[PDB]
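In the deposited numbering, the protein residues as written are 22 to 142.
What follows is a short report on a single structure.
Here it is as structure tokens:
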């Protein structure tokens, strides 16, 4: 149908916007701490601690399959990156501290993303 096409164009454009959001958030992680899944070879107990691992590469795979229907779903995954790290790692670690900085700096980007998503519809 024409409606299904219009819906699909909307999703494509959301994907475009979320791709720019993802790039901006990932720039706030210059150390690349969050770039890839925590290695289960190197952290064999990880899934005993963290039930829903997340990382920027995994988000990018979902994004490119158009697997984010709305900004809430995308934000859920970003918050998992931060929150998983802040539980597994102690406050006095470079990992915890990187997550705090990513949360703080990402807030700004996500605030305007939400306005853009609502504005453009």
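Idealized CB from N, CA, C, for every residue including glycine.
- By the Cβ neighbour-count rule, residue 120 is buried, with 16 or more other Cβ atoms within 10 Å of its own.
- By the C-beta criterion, the segment 73-91 is judged to be in contact with the segment 41-48, since at least 3 inter-stretch pairs fall below 8 Å.
- In this chain, residue 91 is not harboured by any alpha helix (DSSP H), its DSSP state being neither H nor E.
- Under the three-state reduction of DSSP, residue 70 is assigned to helix.
- Taking all protein chains in view, the Cβ of residue 103 is crowded by 16 or more other Cβ atoms within 10 Å, so the residue is classified as buried.
- The beta-carbon distance between residue 54 and residue 99, rounded to whole angstroms, is 14 Å. This is too long to meet the 8 Å contact definition.
- Restricted to the segment 22-76, not a single beta strand (DSSP E) segment is unbroken, complete and at least 3 residues in length.
- The segment 56-65 makes no contact with the segment 26-41: fewer than 3 CB pairs, one atom from each, lie closer than 8 Å.
- The Cβ neighbour count for residue 127, taken over all protein chains shown within 10 Å, is at least 16; the residue is labelled buried.
- By alpha-carbon distance to residue 110, the top candidate from 133, 70, 87 is 70.
- Residues of the same chain with a CB within less than 8 Å of the CB of residue 84, apart from the 5 flanking positions on each side, are 36, 39, 40, 43, 95 in chain order.
- Just measuring C-alpha positions, the residue of 138, 29, 76, 105 sitting nearest residue 50 is 76.
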